[PDB]
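S.K.: Part one of the assembly, not moved from where it sits:
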Amino acid sequence: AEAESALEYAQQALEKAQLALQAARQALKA
């Protein structure tokens, strides 16, 4: 239901934040 869908979406959103964060960390190392 809504709660489950919300947590799945949240996890997906966090995954996207993480991959963008990794790109940014690499960019700073240069």
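M.R.: Right, received. Where do you want to start? Numbering: from 1, shown residues only, chains lettered A, B, ... in the order given.

S.K.: residue ranges of the helices in chain A, please?
M.R.: Secondary structure of chain A (DSSP state H): helices at A:2-29.

S.K.: so how far is residue A:7 from residue A:24?
M.R.: 26 Å (CB to CB, to the nearest Å). (C-beta placed from N, C-alpha, C; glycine too.)

S.K.: Just give the number of residues close to residue A:23.
M.R.: By other CB atoms under 10 Å, 10 other residues sit near residue A:23.

S.K.: Go ahead and add chain B:
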Amino acid sequence: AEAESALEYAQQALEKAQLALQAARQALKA
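M.R.: Okay, here's chain B dropped in alongside the others:
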């Protein structure tokens, strides 16, 4: 540049995760 865009995206992704989490939180107490 890429680093700035990445952090902006990450912040937006986290905002999305937070609002879904708040929905889930309310659903639980419901």
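
S.K.: The neighbour count of residue A:23 again please, chain B included this time.
M.R.: Neighbour count for residue A:23, taken as other CB atoms under 10 Å in any protein chain shown: 17.

S.K.: Skipping adjacent residues, who's closest to it in space?
M.R.: Nearest residue to residue A:23, sequence neighbours excluded (CB to CB, 6 or more residues apart in numbering or on different chains): residue B:6, at 4.6 Å.

S.K.: Does the one you found touch residue A:24 like I think?
M.R.: Yes. Counting by CB atoms under 8 Å, residue B:6 touches residue A:24, with 4.0 Å between them.

S.K.: put chain C on too:
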Amino acid sequence: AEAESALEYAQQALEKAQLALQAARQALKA
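M.R.: That brings us to chain C, laid onto the chains above:
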């Protein structure tokens, strides 16, 4: 219970990520 505690912790963790992200975004602007 555990689910509620988990979501509260998760929200707190995300809040901490967000404030660190804001510091980083400011640092890049300089």
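
S.K.: try the neighbour count of residue A:23 again now we have chain C.
M.R.: 17.

S.K.: Return the residues in contact with the residue nearest to residue A:21 when sequence neighbours are not counted.
M.R.: Nearest non-adjacent residue to residue A:21, counting by CB to CB, 6+ apart: residue B:10, 5.1 Å away. Listed by CB atoms under 8 Å, 6 or more residues apart in numbering or on different chains, the contact partners of residue B:10 are A:16, A:17, A:20, A:21, A:24, C:21.
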